[PDB]
Amino acid sequence: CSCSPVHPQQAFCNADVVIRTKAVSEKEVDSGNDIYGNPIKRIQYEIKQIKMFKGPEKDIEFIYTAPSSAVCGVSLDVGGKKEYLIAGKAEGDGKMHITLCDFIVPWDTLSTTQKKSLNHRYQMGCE
């Protein structure tokens with residue numbers, strides 16, 4: 001989608017599952033073509049789970065995102081990044097939804113506004 005990632009705060013207020021997990025493995029699961037005839041594809045995120053700031057109690061060792069370098073996500077392979085607090089609307093437990101336009105960072109980047117939001121449970125009426 002080549003969306004534009006921003007909201008250095010509205011990202012942690014929109015998400016619903018912040019976990020500093022680490023995506024090392026994935027799963028190329030087709031998702032059919034889009035409205036452009038192009039293949040969707042929603043590569044998985046067989047992370048290893050290292051942290052779970054906000055979200056469920058178990059964890060989402062299997063997240064969902066877009067393939068390639070990152071069209072609708074951050075495409076994390078760990079071997080290129082490390083770990084991320086991946087925080088998005090989520091999809092429940094054991095699996096959620098995360099996109100580039102959505103709140104997602106390798107953690108080792110944030111800046112502050114994202115950290116101050118890391119303290120909050122889940123959108124503590126921040127802004």
# chains A, B, ... in the order shown; residues from 1 in each chain; ligands from 1
$ residues_around --residues "residue 74 of chain A" --least-positions-apart "3" --cutoff "10 Å" --atoms "only C-alpha atoms" --output "PyMOL selection string"
chain A and resi 5+65-71+77+81+84+86+98-106
$ write_last_selection --atoms "N, CA and C atoms" --output "mmCIF file, in the first residue's frame"
data_model
loop_
_atom_site.group_PDB
_atom_site.id
_atom_site.type_symbol
_atom_site.label_atom_id
_atom_site.label_comp_id
_atom_site.auth_asym_id
_atom_site.auth_seq_id
_atom_site.Cartn_x
_atom_site.Cartn_y
_atom_site.Cartn_z
ATOM 1 N N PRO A 5 3.897 5.753 7.249
ATOM 2 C CA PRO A 5 3.954 5.562 8.688
ATOM 3 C C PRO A 5 4.286 6.873 9.404
ATOM 4 N N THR A 65 1.486 -9.694 8.018
ATOM 5 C CA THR A 65 1.950 -8.481 7.365
ATOM 6 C C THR A 65 2.024 -8.688 5.850
ATOM 7 N N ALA A 66 2.661 -7.734 5.186
ATOM 8 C CA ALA A 66 2.807 -7.797 3.743
ATOM 9 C C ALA A 66 4.198 -8.333 3.397
ATOM 10 N N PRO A 67 4.295 -8.941 2.185
ATOM 11 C CA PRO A 67 5.557 -9.497 1.727
ATOM 12 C C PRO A 67 6.517 -8.391 1.288
ATOM 13 N N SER A 68 7.509 -8.788 0.506
ATOM 14 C CA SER A 68 8.498 -7.844 0.014
ATOM 15 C C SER A 68 9.161 -7.119 1.186
ATOM 16 N N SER A 69 9.924 -6.090 0.849
ATOM 17 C CA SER A 69 10.616 -5.310 1.861
ATOM 18 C C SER A 69 9.611 -4.768 2.880
ATOM 19 N N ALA A 70 8.442 -4.405 2.375
ATOM 20 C CA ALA A 70 7.392 -3.872 3.227
ATOM 21 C C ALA A 70 6.506 -2.931 2.410
ATOM 22 N N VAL A 71 5.339 -3.436 2.043
ATOM 23 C CA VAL A 71 4.395 -2.654 1.262
ATOM 24 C C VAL A 71 3.243 -2.206 2.163
ATOM 25 N N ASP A 77 12.643 -9.368 9.604
ATOM 26 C CA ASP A 77 13.217 -10.699 9.521
ATOM 27 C C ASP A 77 14.207 -10.895 10.671
ATOM 28 N N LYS A 81 16.767 -6.559 11.269
ATOM 29 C CA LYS A 81 16.349 -5.595 12.272
ATOM 30 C C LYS A 81 16.751 -6.102 13.659
ATOM 31 N N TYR A 84 10.651 -5.861 17.552
ATOM 32 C CA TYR A 84 9.707 -4.759 17.464
ATOM 33 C C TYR A 84 8.557 -4.941 18.457
ATOM 34 N N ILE A 86 5.725 -4.300 17.768
ATOM 35 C CA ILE A 86 4.569 -4.553 16.926
ATOM 36 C C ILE A 86 3.292 -4.281 17.725
ATOM 37 N N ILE A 98 -0.725 -6.242 11.628
ATOM 38 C CA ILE A 98 0.232 -5.152 11.728
ATOM 39 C C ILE A 98 0.630 -4.700 10.321
ATOM 40 N N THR A 99 0.629 -3.389 10.134
ATOM 41 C CA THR A 99 0.987 -2.817 8.847
ATOM 42 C C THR A 99 1.892 -1.599 9.038
ATOM 43 N N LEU A 100 2.518 -1.189 7.945
ATOM 44 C CA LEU A 100 3.411 -0.043 7.978
ATOM 45 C C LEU A 100 2.630 1.194 8.425
ATOM 46 N N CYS A 101 1.455 1.359 7.832
ATOM 47 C CA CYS A 101 0.606 2.491 8.160
ATOM 48 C C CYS A 101 0.174 2.362 9.621
ATOM 49 N N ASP A 102 0.355 1.164 10.155
ATOM 50 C CA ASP A 102 -0.010 0.895 11.536
ATOM 51 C C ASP A 102 1.212 1.110 12.432
ATOM 52 N N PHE A 103 0.965 1.073 13.732
ATOM 53 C CA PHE A 103 2.030 1.262 14.702
ATOM 54 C C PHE A 103 2.944 0.036 14.757
ATOM 55 N N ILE A 104 4.196 0.254 14.378
ATOM 56 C CA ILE A 104 5.174 -0.819 14.378
ATOM 57 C C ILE A 104 6.579 -0.221 14.260
ATOM 58 N N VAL A 105 7.463 -0.694 15.127
ATOM 59 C CA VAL A 105 8.835 -0.218 15.131
ATOM 60 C C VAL A 105 9.747 -1.304 15.704
ATOM 61 N N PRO A 106 11.053 -1.212 15.336
ATOM 62 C CA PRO A 106 12.032 -2.177 15.806
ATOM 63 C C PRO A 106 12.391 -1.926 17.272
#
$ select_by_dssp --residues "chain A" --states "helix (DSSP H, G or I)" --output "short mmCIF file (atom, residue, chain, number, x, y, z; two decimals) with N, CA and C atoms, in the first residue's frame"
data_model
loop_
_atom_site.label_atom_id
_atom_site.label_comp_id
_atom_site.auth_asym_id
_atom_site.auth_seq_id
_atom_site.Cartn_x
_atom_site.Cartn_y
_atom_site.Cartn_z
N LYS A 116 7.03 6.92 25.65
CA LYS A 116 6.09 7.47 26.62
C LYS A 116 4.74 6.78 26.46
N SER A 117 4.53 6.22 25.28
CA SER A 117 3.29 5.53 24.98
C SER A 117 3.42 4.04 25.30
N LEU A 118 4.67 3.62 25.50
CA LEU A 118 4.94 2.23 25.81
C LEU A 118 4.58 1.96 27.27
N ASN A 119 4.58 3.03 28.06
CA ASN A 119 4.26 2.92 29.47
C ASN A 119 2.75 2.71 29.62
#
$ residues_around --residues "residue 26 of chain A" --least-positions-apart "6" --cutoff "7 Å" --atoms "only C-alpha atoms" --output "JSON list (two decimals) with N, CA, C and O atoms, in the first residue's frame"
[["chain", "number", "residue", "atom", "x", "y", "z"],
["A", 43, "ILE", "N", 2.53, -12.57, 4.10],
["A", 43, "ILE", "CA", 3.59, -13.30, 4.78],
["A", 43, "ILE", "C", 3.34, -13.26, 6.28],
["A", 43, "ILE", "O", 2.92, -12.24, 6.82],
["A", 44, "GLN", "N", 3.61, -14.39, 6.92],
["A", 44, "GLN", "CA", 3.42, -14.50, 8.36],
["A", 44, "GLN", "C", 4.63, -13.91, 9.10],
["A", 44, "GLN", "O", 5.57, -13.44, 8.48],
["A", 45, "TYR", "N", 4.55, -13.97, 10.42],
["A", 45, "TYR", "CA", 5.63, -13.45, 11.25],
["A", 45, "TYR", "C", 5.93, -14.40, 12.42],
["A", 45, "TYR", "O", 5.66, -14.08, 13.57],
["A", 46, "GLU", "N", 6.48, -15.56, 12.07],
["A", 46, "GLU", "CA", 6.82, -16.56, 13.07],
["A", 46, "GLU", "C", 7.90, -16.02, 14.01],
["A", 46, "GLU", "O", 9.03, -16.51, 14.01]]
$ closest_residue --among "A:88, A:94, A:79, A:125" --to "residue 22 of chain A" --atoms "only C-alpha atoms"
A:79
$ select_by_dssp --residues "segment 38-94 of chain A" --states "strand (DSSP E or B)" --output "number ranges by chain"
A: 39, 44-47, 62-64, 87
$ residues_around --residues "residue 31 of chain A" --least-positions-apart "6" --cutoff "9 Å" --atoms "only C-alpha atoms" --output "PDB file with N, CA and C atoms, in the first residue's frame"
ATOM      1  N   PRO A  39      -0.978  -9.865  -6.759  1.00  0.00           N
ATOM      2  CA  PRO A  39      -1.131 -10.832  -5.686  1.00  0.00           C
ATOM      3  C   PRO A  39      -1.003 -10.158  -4.318  1.00  0.00           C
ATOM      4  N   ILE A  40      -1.972 -10.443  -3.460  1.00  0.00           N
ATOM      5  CA  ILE A  40      -1.980  -9.873  -2.123  1.00  0.00           C
ATOM      6  C   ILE A  40      -0.795 -10.428  -1.330  1.00  0.00           C
ATOM      7  N   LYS A  41      -0.973 -11.644  -0.834  1.00  0.00           N
ATOM      8  CA  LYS A  41       0.070 -12.295  -0.059  1.00  0.00           C
ATOM      9  C   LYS A  41       0.223 -11.581   1.284  1.00  0.00           C
ATOM     10  N   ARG A  42       0.149 -12.365   2.348  1.00  0.00           N
ATOM     11  CA  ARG A  42       0.277 -11.822   3.691  1.00  0.00           C
ATOM     12  C   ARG A  42       1.276 -12.649   4.504  1.00  0.00           C
TER      13      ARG A  42
END
$ closest_residue --among "A:23, A:17, A:35, A:110" --to "residue 58 of chain A" --atoms "only C-alpha atoms"
A:17
$ closest_residue --among "A:63, A:76, A:24, A:15" --to "residue 120 of chain A" --atoms "only C-alpha atoms"
A:15
$ atom_distance --atom1 "atom CA of residue 124 of chain A" --atom2 "atom CA of residue 85 of chain A"
16.8 Å
$ atom_distance --atom1 "atom CA of residue 126 of chain A" --atom2 "atom CA of residue 83 of chain A"
24.1 Å
$ closest_residue --among "A:7, A:27, A:82, A:20" --to "residue 52 of chain A" --atoms "only C-alpha atoms"
A:20
